[PDB]
Structures are given as structure tokens and as C-alpha cells.
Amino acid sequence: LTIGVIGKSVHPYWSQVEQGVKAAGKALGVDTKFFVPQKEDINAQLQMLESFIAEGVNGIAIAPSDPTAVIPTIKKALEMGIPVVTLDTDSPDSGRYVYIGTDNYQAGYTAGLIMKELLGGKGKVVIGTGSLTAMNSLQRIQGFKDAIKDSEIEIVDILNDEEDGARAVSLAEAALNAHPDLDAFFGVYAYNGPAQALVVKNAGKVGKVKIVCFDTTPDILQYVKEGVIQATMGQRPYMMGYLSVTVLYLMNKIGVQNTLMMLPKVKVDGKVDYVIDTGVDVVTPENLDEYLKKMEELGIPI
């Protein structure tokens, strides 16, 4: 059997997902194809998707940079008898059987409450994300807004870098100059937190300008350690990759229905959906050490 997985960018975050993909494949005796474009690239994801289908893979897990754009192709994959699940970010109307990843809206809400606390309920915030089409970005941002709604905290900007590191840095660097009265940064994607951290450090504003972001890749954790980042919403990319392969494997061996019978279910608009929530680890400078301990203890060290 062969299973194909499609990510959204070349960030180390997707490396963790790939490791999960390969480990699951090795444990189950399955071949895995992994693809991630350099930066956000909807057309490349579509072509790779078209390609995996033509190759006749037995399963596809995809993290859509655009949930609507992939619907027709995902429908074809399903017509061709190839199971499809989403991971990292969802496309609920595509026909994908299961979404596997973080509860994005809530992850953002939590980050919003943390921010609300750090700023004492007031101040100006600039948001940095790598997409304005991916549903996971929109949900994290939406949840952030909903969490600070009952305060005087105002978001003065939402900057999209298309999942490009240099671009994320220069956009945050300019936003800092356009807003010398900025109180905080909110990084929605893995590139954003450490980009805003470099900006703030470069301007000598560590502590002055708060940073609440996502993920726990090396560069981020190092800034959390230096105290530049007060809090980051850590995900479980590895698990997302490992369970995606597993779920698709089962759907081939035991069938789509039997596989769904054993997964967590939720209700959307009075209808049943399937969601495996991989959880978030709220990491701050105070609990960093426990985090490095907890991770290695769970089997995914450093």
C-alpha cells in the first residue's frame, strides 16, 4: 500500500509531521509519499493532489491552504476510491472523512485570553499569519478576536506572509515602525512567532512588546527561553502525521465505516462529523523545562 500526504510549507513544523508519517508507515508496512511546497502554494498542492490520484495511491491526507479550492479534486479522489482525510487545517465540505489536528478556534481563544492577561485588558496588537485562506489561520484569528472582545485591546493589523520567513520578518519589522506604540504581536503560524521575536529583539523591546504565538520548534523555544516570547500554543504535528497514515491504512484494511466507528465524533449543524483532536501544550518561560521533560517522556524528545 501507498499513502500520500500533502503539507503547506517547508517549515521544520512540517518535518515533525513527516517524521510521524514515516514512523507510522514503517510500523504498519506502508509506503509514504510526502510533499510540501516552499511557501503557501495552492496550485502546487492541487497538482500534487492530482498526481497522487493518477499514481493510484491508496490514501490521501491533505492540509489545504485553501479549503474550497481542493473540493473538486478531493471529490475525484473519493470517486476513484481513494480515502481522504485532512490534517493541520480543515476542508469540511470536501467529503474528507476525518479531520486530524488542533482545535484551531479554541487554540486561538486560549491564546487570546493569555494575551488579554499580559496586556492587562488594553493595548494595540498586530497579527502575523501565513495565510488568509487556510481555515486553520482564520479560526485561530477568529478565536483570538472573540477572546479579547470584552476588552480595550485593539488589533491594528493582520499581516500575511504566505508562509515565508524573510517576508514574515520584514512585515513585522515594518509594522513595528508604523506602530511605535505597539504593545504586542500575535503569531498565528510557526514562522510568525520567531519572526516577531527577532524583530522585537532587534529593536531592543524585549518585554515591552509582548509576543503570544504558535508552535514549539527550536527557534521559538529559544526565544521563550530568552524571555522574548511569553507564551506559545504548541501543537502535536508528529501525531497528526502518524495518525493520518494509521487512519488511512485502516480505511483500506477494514473499510471507511468500520474505521469511523472507532474515532471521536462531533456534531456540526445537527450532523455527525469525525475529529481527532491532537491537543495543544501551552508553553511559557515558566513551564518550558517541564515541557522538554513531558515531550521526551511521551516519545517525541527535544
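We number the residues from 1 along the sequence you see.
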Select between 280-288 and 12-20 the stretch whose C-alpha atoms have the higher average B-factor in the entry.
-> 280-288
Of 128-136 and 220-228, which one has the bigger average CA B-factor?
-> 220-228
Of the residues 115, 100, 195, 80, the one carrying the largest Cα B-factor as recorded = 115
Can you tell me which of 187, 204, 72, 95 has the highest Cα temperature factor in the record?
-> 204
Name the third of the chain's ranked CA B-factors that contains residue 88, choosing lowest, middle or highest.
-> lowest
Sorting the chain's CA B-factors, does residue 214 end up in the lowest, middle or highest third?
-> lowest
Modelled-residue ranking by C-alpha temperature factor, third containing residue 266 = highest
Relative to the other modelled residues of the same chain, rank the CA B-factor of residue 36 and answer lowest, middle or highest third.
-> lowest
Within this chain's modelled residues, let me know which third the CA B factor of residue 28 belongs to: lowest, middle or highest.
-> lowest
